[PDB]
Structures are given as C-alpha cells and as structure tokens.
>>> print(open('coords.cif').read())   # mmCIF, N, CA and C atoms
data_model
loop_
_atom_site.label_atom_id
_atom_site.label_comp_id
_atom_site.auth_asym_id
_atom_site.auth_seq_id
_atom_site.Cartn_x
_atom_site.Cartn_y
_atom_site.Cartn_z
N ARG A 208 87.29 160.88 110.22
CA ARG A 208 86.72 159.87 111.12
C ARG A 208 87.70 158.71 111.29
N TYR A 209 87.77 157.85 110.27
CA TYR A 209 88.77 156.79 110.25
C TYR A 209 90.18 157.36 110.14
N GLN A 210 90.32 158.51 109.48
CA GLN A 210 91.61 159.17 109.41
C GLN A 210 92.10 159.57 110.79
N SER A 211 91.19 160.05 111.65
CA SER A 211 91.61 160.46 112.98
C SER A 211 92.10 159.28 113.82
N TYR A 212 91.59 158.07 113.55
CA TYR A 212 92.16 156.88 114.17
C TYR A 212 93.59 156.66 113.71
N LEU A 213 93.83 156.72 112.40
CA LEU A 213 95.17 156.52 111.88
C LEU A 213 96.13 157.59 112.39
N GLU A 214 95.65 158.83 112.49
CA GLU A 214 96.47 159.92 113.03
C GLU A 214 96.79 159.69 114.50
N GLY A 215 95.77 159.31 115.28
CA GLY A 215 95.99 159.03 116.69
C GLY A 215 97.00 157.92 116.93
N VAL A 216 96.93 156.85 116.13
CA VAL A 216 97.89 155.76 116.31
C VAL A 216 99.29 156.22 115.91
N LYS A 217 99.39 156.97 114.81
CA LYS A 217 100.70 157.46 114.38
C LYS A 217 101.33 158.36 115.43
N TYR A 218 100.54 159.23 116.06
CA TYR A 218 101.09 160.12 117.08
C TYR A 218 101.59 159.33 118.28
N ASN A 219 100.79 158.37 118.75
CA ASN A 219 101.16 157.67 119.97
C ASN A 219 102.31 156.69 119.73
N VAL A 220 102.38 156.09 118.54
CA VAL A 220 103.51 155.23 118.22
C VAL A 220 104.79 156.06 118.13
N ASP A 221 104.72 157.23 117.49
CA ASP A 221 105.88 158.11 117.42
C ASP A 221 106.35 158.51 118.81
N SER A 222 105.41 158.84 119.70
CA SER A 222 105.77 159.18 121.07
C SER A 222 106.38 157.99 121.79
N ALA A 223 105.89 156.78 121.52
CA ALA A 223 106.48 155.61 122.16
C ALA A 223 107.90 155.39 121.68
N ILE A 224 108.15 155.62 120.39
CA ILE A 224 109.49 155.49 119.83
C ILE A 224 110.43 156.47 120.51
N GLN A 225 109.99 157.72 120.63
CA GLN A 225 110.78 158.74 121.33
C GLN A 225 111.08 158.34 122.76
N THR A 226 110.10 157.76 123.46
CA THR A 226 110.29 157.35 124.84
C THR A 226 111.33 156.25 124.95
N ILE A 227 111.28 155.26 124.06
CA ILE A 227 112.32 154.23 124.05
C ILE A 227 113.69 154.86 123.85
N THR A 228 113.80 155.81 122.92
CA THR A 228 115.10 156.44 122.69
C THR A 228 115.57 157.16 123.95
N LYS A 229 114.64 157.79 124.67
CA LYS A 229 114.98 158.45 125.93
C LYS A 229 115.51 157.46 126.96
N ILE A 230 114.86 156.29 127.07
CA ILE A 230 115.32 155.26 128.00
C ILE A 230 116.71 154.77 127.60
N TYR A 231 116.91 154.50 126.30
CA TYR A 231 118.20 153.98 125.87
C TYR A 231 119.31 155.02 126.07
N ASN A 232 119.01 156.28 125.79
CA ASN A 232 120.00 157.34 126.02
C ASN A 232 120.35 157.47 127.50
N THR A 233 119.38 157.24 128.38
CA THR A 233 119.67 157.25 129.82
C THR A 233 120.61 156.12 130.19
N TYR A 234 120.33 154.91 129.69
CA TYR A 234 121.24 153.79 129.89
C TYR A 234 122.65 154.11 129.40
N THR A 235 122.77 154.74 128.23
CA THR A 235 124.10 155.04 127.69
C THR A 235 124.85 155.99 128.61
N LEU A 236 124.16 157.04 129.06
CA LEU A 236 124.76 158.02 129.95
C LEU A 236 125.15 157.40 131.29
N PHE A 237 124.23 156.63 131.89
CA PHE A 237 124.51 155.91 133.13
C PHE A 237 125.77 155.07 132.98
N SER A 238 125.85 154.30 131.88
CA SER A 238 127.01 153.46 131.62
C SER A 238 128.32 154.25 131.62
N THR A 239 128.33 155.43 131.00
CA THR A 239 129.56 156.21 130.94
C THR A 239 129.98 156.72 132.32
N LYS A 240 129.02 157.05 133.19
CA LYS A 240 129.38 157.48 134.54
C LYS A 240 130.01 156.35 135.34
N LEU A 241 129.49 155.13 135.18
CA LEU A 241 130.05 153.97 135.85
C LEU A 241 131.44 153.67 135.33
N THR A 242 131.65 153.82 134.02
CA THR A 242 132.98 153.65 133.45
C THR A 242 133.94 154.72 133.96
N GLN A 243 133.51 155.98 133.95
CA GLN A 243 134.39 157.08 134.34
C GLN A 243 134.84 156.95 135.79
N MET A 244 133.92 156.56 136.68
CA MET A 244 134.26 156.57 138.10
C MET A 244 135.28 155.49 138.47
N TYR A 245 135.50 154.49 137.61
CA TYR A 245 136.55 153.50 137.82
C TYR A 245 137.72 153.67 136.84
N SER A 246 137.79 154.79 136.13
CA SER A 246 138.80 154.96 135.09
C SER A 246 140.15 155.33 135.69
N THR A 247 141.21 154.83 135.07
CA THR A 247 142.56 155.13 135.55
C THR A 247 143.13 156.41 134.94
N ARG A 248 142.49 156.94 133.90
CA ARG A 248 142.98 158.15 133.24
C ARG A 248 142.53 159.43 133.93
N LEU A 249 141.46 159.38 134.73
CA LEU A 249 140.85 160.58 135.30
C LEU A 249 141.38 160.85 136.70
N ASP A 250 141.41 162.13 137.07
CA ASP A 250 141.87 162.51 138.40
C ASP A 250 140.75 162.34 139.43
N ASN A 251 141.11 162.53 140.70
CA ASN A 251 140.19 162.19 141.79
C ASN A 251 138.96 163.08 141.78
N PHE A 252 139.13 164.38 141.55
CA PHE A 252 137.98 165.27 141.43
C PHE A 252 137.01 164.76 140.37
N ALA A 253 137.53 164.40 139.20
CA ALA A 253 136.66 163.99 138.10
C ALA A 253 135.96 162.66 138.40
N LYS A 254 136.68 161.69 138.97
CA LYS A 254 136.05 160.43 139.32
C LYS A 254 134.99 160.62 140.40
N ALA A 255 135.25 161.53 141.35
CA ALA A 255 134.27 161.79 142.39
C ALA A 255 133.00 162.39 141.81
N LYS A 256 133.15 163.29 140.84
CA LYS A 256 131.97 163.87 140.21
C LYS A 256 131.19 162.80 139.46
N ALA A 257 131.91 161.85 138.85
CA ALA A 257 131.25 160.79 138.10
C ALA A 257 130.51 159.83 139.03
N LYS A 258 131.09 159.54 140.20
CA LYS A 258 130.41 158.70 141.18
C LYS A 258 129.13 159.37 141.67
N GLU A 259 129.18 160.67 141.99
CA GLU A 259 127.97 161.41 142.33
C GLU A 259 126.94 161.31 141.21
N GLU A 260 127.38 161.50 139.97
CA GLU A 260 126.43 161.49 138.86
C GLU A 260 125.83 160.10 138.66
N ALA A 261 126.63 159.05 138.83
CA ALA A 261 126.09 157.69 138.69
C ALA A 261 125.04 157.42 139.76
N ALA A 262 125.19 158.04 140.94
CA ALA A 262 124.22 157.84 142.02
C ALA A 262 122.93 158.62 141.82
N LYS A 263 122.87 159.53 140.85
CA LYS A 263 121.68 160.34 140.67
C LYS A 263 120.65 159.67 139.76
N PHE A 264 121.01 158.59 139.08
CA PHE A 264 120.04 157.85 138.29
C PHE A 264 119.12 157.05 139.21
N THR A 265 117.80 157.11 138.96
CA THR A 265 116.83 156.49 139.84
C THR A 265 116.04 155.39 139.14
N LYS A 266 115.67 154.37 139.91
CA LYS A 266 114.71 153.38 139.44
C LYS A 266 113.34 154.00 139.22
N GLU A 267 112.98 155.00 140.03
CA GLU A 267 111.74 155.73 139.82
C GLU A 267 111.68 156.33 138.42
N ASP A 268 112.78 156.94 137.97
CA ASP A 268 112.80 157.56 136.65
C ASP A 268 112.65 156.51 135.55
N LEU A 269 113.32 155.37 135.70
CA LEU A 269 113.15 154.28 134.73
C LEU A 269 111.71 153.79 134.72
N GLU A 270 111.10 153.67 135.90
CA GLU A 270 109.73 153.16 135.97
C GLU A 270 108.75 154.18 135.40
N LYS A 271 109.00 155.47 135.63
CA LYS A 271 108.19 156.53 135.02
C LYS A 271 108.25 156.46 133.51
N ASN A 272 109.46 156.36 132.95
CA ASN A 272 109.60 156.25 131.50
C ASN A 272 108.89 155.00 130.97
N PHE A 273 108.92 153.90 131.71
CA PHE A 273 108.22 152.71 131.22
C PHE A 273 106.70 152.88 131.31
N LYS A 274 106.22 153.57 132.34
CA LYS A 274 104.78 153.84 132.37
C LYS A 274 104.37 154.76 131.24
N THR A 275 105.19 155.76 130.92
CA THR A 275 104.92 156.62 129.77
C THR A 275 104.87 155.78 128.49
N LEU A 276 105.85 154.89 128.32
CA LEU A 276 105.87 154.02 127.14
C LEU A 276 104.62 153.14 127.07
N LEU A 277 104.28 152.46 128.18
CA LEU A 277 103.09 151.62 128.20
C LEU A 277 101.84 152.43 127.85
N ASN A 278 101.69 153.60 128.46
CA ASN A 278 100.49 154.40 128.21
C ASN A 278 100.36 154.77 126.74
N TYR A 279 101.46 155.18 126.10
CA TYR A 279 101.40 155.51 124.68
C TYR A 279 100.95 154.30 123.86
N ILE A 280 101.47 153.11 124.18
CA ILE A 280 101.08 151.92 123.42
C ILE A 280 99.65 151.51 123.73
N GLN A 281 99.22 151.68 124.99
CA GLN A 281 97.86 151.28 125.34
C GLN A 281 96.83 152.16 124.65
N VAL A 282 97.12 153.46 124.50
CA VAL A 282 96.27 154.34 123.70
C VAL A 282 96.30 153.91 122.23
N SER A 283 97.48 153.54 121.73
CA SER A 283 97.60 153.08 120.35
C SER A 283 96.71 151.87 120.12
N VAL A 284 96.72 150.92 121.06
CA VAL A 284 95.95 149.68 120.91
C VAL A 284 94.46 149.98 120.97
N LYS A 285 94.04 150.82 121.93
CA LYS A 285 92.62 151.16 122.02
C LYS A 285 92.13 151.81 120.73
N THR A 286 92.93 152.73 120.17
CA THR A 286 92.55 153.40 118.93
C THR A 286 92.60 152.44 117.75
N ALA A 287 93.64 151.61 117.67
CA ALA A 287 93.75 150.67 116.56
C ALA A 287 92.68 149.59 116.57
N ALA A 288 92.00 149.37 117.70
CA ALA A 288 90.95 148.37 117.71
C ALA A 288 89.78 148.75 116.81
N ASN A 289 89.73 150.01 116.34
CA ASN A 289 88.74 150.46 115.37
C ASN A 289 89.15 150.16 113.93
N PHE A 290 90.38 149.71 113.70
CA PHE A 290 90.84 149.42 112.34
C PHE A 290 90.11 148.20 111.78
N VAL A 291 89.77 148.25 110.48
CA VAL A 291 89.01 147.20 109.85
C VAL A 291 89.68 146.57 108.63
N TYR A 292 90.64 147.25 108.00
CA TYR A 292 91.23 146.76 106.76
C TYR A 292 92.43 145.85 107.05
N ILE A 293 92.94 145.22 105.99
CA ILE A 293 93.81 144.07 106.18
C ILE A 293 95.19 144.50 106.70
N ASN A 294 95.70 145.64 106.23
CA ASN A 294 97.02 146.09 106.65
C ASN A 294 96.99 146.72 108.04
N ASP A 295 95.99 147.55 108.33
CA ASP A 295 95.99 148.22 109.63
C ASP A 295 95.52 147.31 110.75
N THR A 296 94.77 146.23 110.46
CA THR A 296 94.53 145.25 111.52
C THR A 296 95.81 144.52 111.87
N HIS A 297 96.72 144.34 110.90
CA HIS A 297 98.01 143.76 111.21
C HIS A 297 98.82 144.67 112.13
N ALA A 298 98.79 145.98 111.88
CA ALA A 298 99.42 146.92 112.80
C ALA A 298 98.83 146.79 114.20
N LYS A 299 97.50 146.69 114.30
CA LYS A 299 96.89 146.51 115.62
C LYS A 299 97.41 145.25 116.30
N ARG A 300 97.57 144.16 115.54
CA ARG A 300 98.05 142.93 116.15
C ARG A 300 99.48 143.09 116.67
N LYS A 301 100.33 143.79 115.92
CA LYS A 301 101.70 144.00 116.39
C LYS A 301 101.72 144.85 117.66
N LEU A 302 100.87 145.88 117.71
CA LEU A 302 100.82 146.75 118.88
C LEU A 302 100.36 146.00 120.12
N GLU A 303 99.39 145.10 119.99
CA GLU A 303 98.98 144.31 121.15
C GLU A 303 100.11 143.40 121.63
N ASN A 304 100.88 142.83 120.70
CA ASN A 304 102.03 142.04 121.09
C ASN A 304 103.04 142.89 121.85
N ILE A 305 103.24 144.12 121.39
CA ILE A 305 104.20 145.01 122.04
C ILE A 305 103.71 145.44 123.42
N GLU A 306 102.41 145.72 123.54
CA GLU A 306 101.85 146.02 124.86
C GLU A 306 102.17 144.92 125.86
N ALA A 307 101.94 143.66 125.47
CA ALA A 307 102.21 142.55 126.39
C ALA A 307 103.69 142.48 126.76
N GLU A 308 104.58 142.70 125.78
CA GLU A 308 106.01 142.69 126.07
C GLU A 308 106.39 143.79 127.05
N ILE A 309 105.81 144.98 126.90
CA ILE A 309 106.13 146.08 127.82
C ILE A 309 105.77 145.69 129.24
N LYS A 310 104.64 145.00 129.42
CA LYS A 310 104.25 144.58 130.75
C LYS A 310 105.26 143.59 131.32
N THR A 311 105.79 142.71 130.47
CA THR A 311 106.81 141.75 130.92
C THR A 311 108.09 142.47 131.35
N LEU A 312 108.48 143.51 130.61
CA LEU A 312 109.66 144.28 130.97
C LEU A 312 109.46 145.03 132.28
N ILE A 313 108.27 145.60 132.50
CA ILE A 313 108.01 146.32 133.74
C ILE A 313 108.10 145.36 134.92
N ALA A 314 107.67 144.11 134.71
CA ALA A 314 107.80 143.09 135.74
C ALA A 314 109.26 142.71 135.96
N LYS A 315 110.05 142.62 134.87
CA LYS A 315 111.47 142.30 135.00
C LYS A 315 112.21 143.39 135.77
N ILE A 316 111.86 144.65 135.53
CA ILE A 316 112.51 145.76 136.23
C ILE A 316 112.22 145.69 137.73
N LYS A 317 111.03 145.23 138.11
CA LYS A 317 110.67 145.16 139.52
C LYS A 317 111.52 144.14 140.27
N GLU A 318 111.87 143.03 139.63
CA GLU A 318 112.60 141.96 140.30
C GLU A 318 114.12 142.19 140.33
N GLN A 319 114.59 143.40 140.03
CA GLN A 319 116.02 143.72 140.01
C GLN A 319 116.28 144.85 140.99
N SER A 320 116.97 144.53 142.09
CA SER A 320 117.31 145.56 143.07
C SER A 320 118.32 146.56 142.50
N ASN A 321 119.27 146.07 141.71
CA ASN A 321 120.34 146.91 141.19
C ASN A 321 119.88 147.64 139.93
N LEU A 322 120.00 148.97 139.94
CA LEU A 322 119.45 149.78 138.85
C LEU A 322 120.14 149.47 137.52
N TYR A 323 121.47 149.40 137.52
CA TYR A 323 122.16 149.09 136.27
C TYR A 323 121.75 147.72 135.74
N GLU A 324 121.57 146.75 136.64
CA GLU A 324 121.10 145.44 136.23
C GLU A 324 119.69 145.51 135.65
N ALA A 325 118.85 146.40 136.19
CA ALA A 325 117.50 146.56 135.66
C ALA A 325 117.54 147.05 134.21
N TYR A 326 118.35 148.08 133.95
CA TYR A 326 118.56 148.54 132.57
C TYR A 326 119.08 147.42 131.69
N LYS A 327 120.11 146.70 132.15
CA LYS A 327 120.67 145.61 131.36
C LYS A 327 119.62 144.55 131.02
N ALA A 328 118.66 144.33 131.92
CA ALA A 328 117.61 143.36 131.64
C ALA A 328 116.70 143.76 130.48
N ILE A 329 116.60 145.05 130.13
CA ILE A 329 115.58 145.47 129.18
C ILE A 329 116.12 146.13 127.92
N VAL A 330 117.43 146.38 127.83
CA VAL A 330 117.93 147.20 126.72
C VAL A 330 117.74 146.50 125.37
N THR A 331 118.07 145.21 125.28
CA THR A 331 117.88 144.52 124.01
C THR A 331 116.41 144.53 123.59
N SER A 332 115.50 144.27 124.54
CA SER A 332 114.08 144.21 124.22
C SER A 332 113.55 145.54 123.72
N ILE A 333 113.95 146.66 124.35
CA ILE A 333 113.39 147.92 123.90
C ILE A 333 113.99 148.34 122.56
N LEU A 334 115.23 147.97 122.29
CA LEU A 334 115.80 148.32 120.99
C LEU A 334 115.06 147.58 119.88
N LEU A 335 114.74 146.30 120.11
CA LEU A 335 113.97 145.55 119.13
C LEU A 335 112.55 146.11 119.00
N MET A 336 111.95 146.46 120.13
CA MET A 336 110.61 147.04 120.15
C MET A 336 110.55 148.34 119.35
N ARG A 337 111.56 149.21 119.49
CA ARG A 337 111.56 150.43 118.70
C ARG A 337 111.56 150.12 117.21
N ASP A 338 112.33 149.11 116.79
CA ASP A 338 112.33 148.70 115.39
C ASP A 338 110.96 148.20 114.97
N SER A 339 110.32 147.39 115.81
CA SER A 339 108.98 146.89 115.49
C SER A 339 107.98 148.04 115.39
N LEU A 340 108.07 149.02 116.29
CA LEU A 340 107.20 150.19 116.19
C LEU A 340 107.44 150.97 114.91
N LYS A 341 108.69 151.01 114.43
CA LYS A 341 108.97 151.66 113.15
C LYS A 341 108.29 150.92 112.00
N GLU A 342 108.27 149.58 112.07
CA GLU A 342 107.51 148.80 111.10
C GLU A 342 106.03 149.16 111.13
N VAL A 343 105.46 149.29 112.34
CA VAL A 343 104.05 149.65 112.47
C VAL A 343 103.77 150.95 111.74
N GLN A 344 104.65 151.94 111.91
CA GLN A 344 104.46 153.22 111.25
C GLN A 344 104.42 153.07 109.74
N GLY A 345 105.23 152.17 109.18
CA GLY A 345 105.20 151.96 107.74
C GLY A 345 103.95 151.25 107.28
N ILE A 346 103.45 150.31 108.08
CA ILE A 346 102.30 149.49 107.71
C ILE A 346 101.04 150.34 107.54
N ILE A 347 100.94 151.46 108.24
CA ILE A 347 99.74 152.28 108.20
C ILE A 347 99.93 153.60 107.45
N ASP A 348 101.16 154.09 107.31
CA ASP A 348 101.39 155.35 106.61
C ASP A 348 102.34 155.17 105.44
#
>>> encode(input="coords.cif", output="structure tokens")
Amino acid sequence: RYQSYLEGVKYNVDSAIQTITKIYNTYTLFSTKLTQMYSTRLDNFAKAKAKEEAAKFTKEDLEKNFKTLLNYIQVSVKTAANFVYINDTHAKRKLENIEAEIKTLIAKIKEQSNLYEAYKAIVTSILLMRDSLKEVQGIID
C-alpha cells in the first residue's frame, strides 16, 4: 500500500533522471556538430555532413523531452503527496520545488528562437536538477 507509493515515486524519479541525461546527451551531440561544421581539420564533404546533422536537431524534440521530464515529476509529486513520515515528506518537498523549476525552464525555452541558445539556457539547471533527484532517491530508499 504505502510501499507502492514509494515504488511509484522511485520509478518516476529514475525515469526523470534518465530523461535529463537524454537531454544533456542531445546537447553534447548538437555541440559537436556545430564544432565540426566550422572545423579547419575536416574536408568539405565531412563539414557538409555535419552542417546537415546540426540542422536536424529540433526545438520540438527538446520540448517533447521537457514535457516527458515534467510529466514524470508531476506523477512523482502526486504520488508523494501521500507520504506521511519525516524523511519522505522532505522528498515530496524537494520534488515540488523541482516541478516548479521545470516549468520555469520550459518557459525559458519558449523565449529563445535559437535552438542552441535554448539548450544553453537550461543545461546548468538540468544538471543540478539531476543531482537533486539523485538525493531524492537516497532520502526514500
């Protein structure tokens, strides 16, 4: 009963952590394509392929990943609202703080026309958020 709440929060927090890693790995890959397409060491064929690849990253994909992240945390918060003990109510409080931050990041992404700039606006925040979510996992398990 109460165990299924703890299990549900653990699953959704783990999925949120994975989603952040997916977003950060996308940023890393995007960055390398932008570097490659202006590189002086690469030939024209290779730079052209890198320019094509840099153009295939979408704001839609970033926004989808952020909606996936928000949804995992929102389920975590709804489930954690059933927590009653001193340590797991603290986990619930951290998750609500993280939910609010995710909404702020989704708003920041909207106000950036340039996709790389949108990633740059959120990378520090999501890296810190992943660490905070790792703390949450320890607080309850």
>>> residues_around(input="coords.cif", residues="residue 259 (chain A)", least_positions_apart="5", cutoff="12 Å", atoms="only C-alpha atoms", output="count of residues only")
9
>>> residues_near_point(input="coords.cif", point="(116.1, 145.8, 136.0)", cutoff="5 Å", atoms="only N, CA and C atoms", output="number ranges by chain")
A: 315-316, 319, 324-326
>>> residues_around(input="coords.cif", residues="residue 274 (chain A)", least_positions_apart="2", cutoff="12 Å", atoms="only C-alpha atoms", output="PyMOL selection string")
chain A and resi 223+226-227+230+267-272+276-281+306+309-310+312-314+316
>>> closest_residue(input="coords.cif", among="A:286, A:249, A:273, A:263", to="residue 216 (chain A)", atoms="all atoms listed in the file")
A:286
>>> atom_distance(input="coords.cif", atom1="atom C of residue 261 (chain A)", atom2="CA of residue 224 (chain A)")
25.4 Å
>>> atom_distance(input="coords.cif", atom1="atom N of residue 293 (chain A)", atom2="CA of residue 311 (chain A)")
28.7 Å
>>> closest_residue(input="coords.cif", among="A:297, A:308, A:212, A:320", to="residue 332 (chain A)", atoms="only C-alpha atoms")
A:308
>>> closest_residue(input="coords.cif", among="A:231, A:238, A:347, A:217", to="residue 291 (chain A)", atoms="only C-alpha atoms")
A:347
>>> atom_distance(input="coords.cif", atom1="CA of residue 301 (chain A)", atom2="CA of residue 340 (chain A)")
8.3 Å
>>> closest_residue(input="coords.cif", among="A:323, A:295, A:341, A:282", to="residue 234 (chain A)", atoms="only N, CA and C atoms")
A:323
>>> closest_residue(input="coords.cif", among="A:345, A:222, A:215, A:256", to="residue 287 (chain A)", atoms="only N, CA and C atoms")
A:215
>>> decode(input="coords.cif", residues="region 325-347 of chain A", atoms="N, CA, C and O atoms", output="PDB file, in the first residue's frame")
ATOM      1  N   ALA A 325      18.652  27.942 -26.712  1.00  0.00           N
ATOM      2  CA  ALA A 325      17.663  27.353 -25.809  1.00  0.00           C
ATOM      3  C   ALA A 325      18.303  26.287 -24.927  1.00  0.00           C
ATOM      4  O   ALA A 325      18.122  26.286 -23.702  1.00  0.00           O
ATOM      5  N   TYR A 326      19.082  25.386 -25.532  1.00  0.00           N
ATOM      6  CA  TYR A 326      19.841  24.402 -24.760  1.00  0.00           C
ATOM      7  C   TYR A 326      20.767  25.088 -23.765  1.00  0.00           C
ATOM      8  O   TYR A 326      20.781  24.745 -22.578  1.00  0.00           O
ATOM      9  N   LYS A 327      21.537  26.085 -24.224  1.00  0.00           N
ATOM     10  CA  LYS A 327      22.453  26.784 -23.326  1.00  0.00           C
ATOM     11  C   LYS A 327      21.728  27.404 -22.138  1.00  0.00           C
ATOM     12  O   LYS A 327      22.280  27.468 -21.035  1.00  0.00           O
ATOM     13  N   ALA A 328      20.489  27.848 -22.333  1.00  0.00           N
ATOM     14  CA  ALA A 328      19.736  28.422 -21.230  1.00  0.00           C
ATOM     15  C   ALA A 328      19.395  27.411 -20.133  1.00  0.00           C
ATOM     16  O   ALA A 328      19.122  27.830 -19.003  1.00  0.00           O
ATOM     17  N   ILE A 329      19.379  26.104 -20.414  1.00  0.00           N
ATOM     18  CA  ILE A 329      18.855  25.158 -19.437  1.00  0.00           C
ATOM     19  C   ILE A 329      19.850  24.102 -18.988  1.00  0.00           C
ATOM     20  O   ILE A 329      19.544  23.338 -18.072  1.00  0.00           O
ATOM     21  N   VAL A 330      21.055  24.040 -19.575  1.00  0.00           N
ATOM     22  CA  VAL A 330      21.930  22.899 -19.298  1.00  0.00           C
ATOM     23  C   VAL A 330      22.398  22.886 -17.841  1.00  0.00           C
ATOM     24  O   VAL A 330      22.383  21.839 -17.183  1.00  0.00           O
ATOM     25  N   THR A 331      22.820  24.042 -17.309  1.00  0.00           N
ATOM     26  CA  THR A 331      23.246  24.061 -15.913  1.00  0.00           C
ATOM     27  C   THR A 331      22.118  23.638 -14.984  1.00  0.00           C
ATOM     28  O   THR A 331      22.324  22.819 -14.082  1.00  0.00           O
ATOM     29  N   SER A 332      20.902  24.152 -15.221  1.00  0.00           N
ATOM     30  CA  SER A 332      19.772  23.843 -14.349  1.00  0.00           C
ATOM     31  C   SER A 332      19.432  22.359 -14.359  1.00  0.00           C
ATOM     32  O   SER A 332      19.164  21.771 -13.301  1.00  0.00           O
ATOM     33  N   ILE A 333      19.439  21.720 -15.539  1.00  0.00           N
ATOM     34  CA  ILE A 333      19.054  20.317 -15.533  1.00  0.00           C
ATOM     35  C   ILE A 333      20.148  19.446 -14.937  1.00  0.00           C
ATOM     36  O   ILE A 333      19.853  18.401 -14.347  1.00  0.00           O
ATOM     37  N   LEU A 334      21.411  19.837 -15.070  1.00  0.00           N
ATOM     38  CA  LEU A 334      22.469  19.050 -14.453  1.00  0.00           C
ATOM     39  C   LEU A 334      22.343  19.097 -12.932  1.00  0.00           C
ATOM     40  O   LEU A 334      22.487  18.074 -12.261  1.00  0.00           O
ATOM     41  N   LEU A 335      22.034  20.278 -12.388  1.00  0.00           N
ATOM     42  CA  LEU A 335      21.820  20.383 -10.947  1.00  0.00           C
ATOM     43  C   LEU A 335      20.569  19.619 -10.514  1.00  0.00           C
ATOM     44  O   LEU A 335      20.554  18.972  -9.456  1.00  0.00           O
ATOM     45  N   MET A 336      19.508  19.716 -11.312  1.00  0.00           N
ATOM     46  CA  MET A 336      18.265  19.006 -11.046  1.00  0.00           C
ATOM     47  C   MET A 336      18.475  17.495 -10.996  1.00  0.00           C
ATOM     48  O   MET A 336      17.925  16.812 -10.123  1.00  0.00           O
ATOM     49  N   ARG A 337      19.263  16.944 -11.928  1.00  0.00           N
ATOM     50  CA  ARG A 337      19.540  15.511 -11.881  1.00  0.00           C
ATOM     51  C   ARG A 337      20.211  15.124 -10.568  1.00  0.00           C
ATOM     52  O   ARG A 337      19.893  14.083  -9.985  1.00  0.00           O
ATOM     53  N   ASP A 338      21.145  15.954 -10.095  1.00  0.00           N
ATOM     54  CA  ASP A 338      21.789  15.692  -8.810  1.00  0.00           C
ATOM     55  C   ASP A 338      20.776  15.741  -7.672  1.00  0.00           C
ATOM     56  O   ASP A 338      20.776  14.870  -6.793  1.00  0.00           O
ATOM     57  N   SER A 339      19.883  16.734  -7.689  1.00  0.00           N
ATOM     58  CA  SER A 339      18.856  16.818  -6.649  1.00  0.00           C
ATOM     59  C   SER A 339      17.930  15.610  -6.688  1.00  0.00           C
ATOM     60  O   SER A 339      17.532  15.087  -5.638  1.00  0.00           O
ATOM     61  N   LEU A 340      17.561  15.153  -7.888  1.00  0.00           N
ATOM     62  CA  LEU A 340      16.746  13.949  -7.995  1.00  0.00           C
ATOM     63  C   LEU A 340      17.474  12.725  -7.453  1.00  0.00           C
ATOM     64  O   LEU A 340      16.838  11.824  -6.894  1.00  0.00           O
ATOM     65  N   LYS A 341      18.798  12.672  -7.614  1.00  0.00           N
ATOM     66  CA  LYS A 341      19.571  11.577  -7.035  1.00  0.00           C
ATOM     67  C   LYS A 341      19.517  11.618  -5.511  1.00  0.00           C
ATOM     68  O   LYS A 341      19.453  10.569  -4.857  1.00  0.00           O
ATOM     69  N   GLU A 342      19.549  12.822  -4.932  1.00  0.00           N
ATOM     70  CA  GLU A 342      19.346  12.964  -3.490  1.00  0.00           C
ATOM     71  C   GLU A 342      17.981  12.436  -3.068  1.00  0.00           C
ATOM     72  O   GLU A 342      17.862  11.743  -2.048  1.00  0.00           O
ATOM     73  N   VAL A 343      16.936  12.769  -3.833  1.00  0.00           N
ATOM     74  CA  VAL A 343      15.590  12.291  -3.527  1.00  0.00           C
ATOM     75  C   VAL A 343      15.576  10.774  -3.440  1.00  0.00           C
ATOM     76  O   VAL A 343      14.997  10.192  -2.512  1.00  0.00           O
ATOM     77  N   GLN A 344      16.226  10.111  -4.399  1.00  0.00           N
ATOM     78  CA  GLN A 344      16.267   8.656  -4.397  1.00  0.00           C
ATOM     79  C   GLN A 344      16.905   8.115  -3.127  1.00  0.00           C
ATOM     80  O   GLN A 344      16.460   7.088  -2.603  1.00  0.00           O
ATOM     81  N   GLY A 345      17.928   8.791  -2.609  1.00  0.00           N
ATOM     82  CA  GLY A 345      18.546   8.331  -1.375  1.00  0.00           C
ATOM     83  C   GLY A 345      17.680   8.565  -0.160  1.00  0.00           C
ATOM     84  O   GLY A 345      17.674   7.759   0.779  1.00  0.00           O
ATOM     85  N   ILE A 346      16.933   9.676  -0.147  1.00  0.00           N
ATOM     86  CA  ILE A 346      16.118  10.054   1.001  1.00  0.00           C
ATOM     87  C   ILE A 346      15.017   9.035   1.269  1.00  0.00           C
ATOM     88  O   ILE A 346      14.596   8.856   2.419  1.00  0.00           O
ATOM     89  N   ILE A 347      14.542   8.341   0.237  1.00  0.00           N
ATOM     90  CA  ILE A 347      13.435   7.409   0.391  1.00  0.00           C
ATOM     91  C   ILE A 347      13.849   5.945   0.288  1.00  0.00           C
ATOM     92  O   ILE A 347      13.111   5.077   0.773  1.00  0.00           O
TER      93      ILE A 347
END
